Every structure is written in structure tokens, then in C-alpha cells.
Amino acid sequence: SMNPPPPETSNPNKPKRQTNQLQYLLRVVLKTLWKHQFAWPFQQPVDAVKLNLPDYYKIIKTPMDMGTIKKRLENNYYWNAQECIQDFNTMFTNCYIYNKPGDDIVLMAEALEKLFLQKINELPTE
Ligand SMILES: Cc1c[nH]nc1CN1CCN(c2nc(-c3[nH]c(C)c4c3CCCC4=O)cs2)CC1
């Protein structure tokens, strides 16, 4: 079995920006979710080989994880906050697509997503 290449975290062809909203996404949103007791499954791309999930990347064609998001923020990969918010939402949605309601991993995603929503509700104006 094989994992796909991880999502890119650098691309010199892609225009970059640092905005106050992106700074908030790193210092408040990512930091809060990253330290949570349920963060660990989301801190790296899913290793479908080690986890014996040979169907994971048959079902999930837009993988995303907080380790990737963290690196994208640190490397100023994004142009705007909406790009980064979309990556978070992709991560949560993938979890709900692949797994079953009530699975431990879904309960963990739901706890992180509640906090995500609480923080982005106070995203500062640009
Ligand atoms: C040792 C350590 C401490 N902190 N971080 C680490 C390194 N990694 C350690 C392994 N790990 C892991 N993720 C998962 C994981 N994740 C998602 C989003 C999953 C799954 C399985 C089910 C379906 C699913 O949707 C399993 S094992 C991720 C992090």
C-alpha cells in the first residue's frame, strides 16, 4: 500500500501575503486547536499504510491536516484568510466523510470544530 504525496506547503509560483487575519489564524486559531487533548490525529497527514486504511485515499481526494496548515501559515503560503479557513473545513469534512457518526475520531473532530467556530467568529476585520 502507498500514501499519496502530502499537500504542498511551499510554492514559489504562488503569491503570498501576511494579513492581520492570517496572523490571528496562526496565533489564536491554530494554537488553540493544536494544544487540545484531541488534536493528535489531526497533526499530520493520515498514514493510511500504518493505519491499514487502504481505502482512505480512495474516498478522500482532498486531504488536509493541521500539520500542513501550520506549515502553510508559518511559511506565509496563503493569500487570504478564506484559503486557510477552507483548509480547516476540508480537514473536518474529510473526517466526517470517511468515518461513522459517533466514532471516537468524529467526536474529536467535533470538539476541535466547536473551538474553531468560536475563534473564527471573532476574526478581526482586515
Ligand atoms: C505520536 C504523535 C503525538 N502527537 N502527534 C503524533 C504523530 N502522529 C501520530 C499518529 N497519528 C494518527 N492519526 C490517526 C488518524 N487521524 C485521522 C484524521 C484519522 C485517523 C484514523 C481513522 C480515520 C481518520 O480520519 C491515527 S494515528 C497522527 C500524529
# chains A, B, ... in the order shown; residues from 1 in each chain; ligands from 1

call {"tool": "residues_near_ligand", "arguments": {"ligand": "ligand 1", "cutoff": "10 Å", "atoms": "only C-alpha atoms and all ligand atoms", "output": "NGL selection string"}}
result
:A and (34 or 37-48 or 50-53 or 56 or 60 or 63-67 or 91-100 or 103-106 or 108-109)

call {"tool": "residues_around", "arguments": {"residues": "residue 121 of chain A", "least_positions_apart": "4", "cutoff": "12 Å", "atoms": "only C-alpha atoms", "output": "ChimeraX atom specification"}}
result
/A:21,24-25,28-29,85,114-117,125

call {"tool": "closest_residue", "arguments": {"among": "A:124, A:107, A:4, A:69", "to": "residue 54 of chain A", "atoms": "only C-alpha atoms"}}
result
A:4

call {"tool": "closest_residue", "arguments": {"among": "A:23, A:15, A:33, A:126", "to": "residue 79 of chain A", "atoms": "only C-alpha atoms"}}
result
A:15

call {"tool": "closest_residue", "arguments": {"among": "A:32, A:13, A:118, A:20", "to": "residue 77 of chain A", "atoms": "only C-alpha atoms"}}
result
A:13

call {"tool": "atom_distance", "arguments": {"atom1": "atom CA of residue 14 of chain A", "atom2": "atom CA of residue 78 of chain A"}}
result
8.4 Å

call {"tool": "closest_residue", "arguments": {"among": "A:16, A:22, A:61, A:3", "to": "residue 123 of chain A", "atoms": "only C-alpha atoms"}}
result
A:22
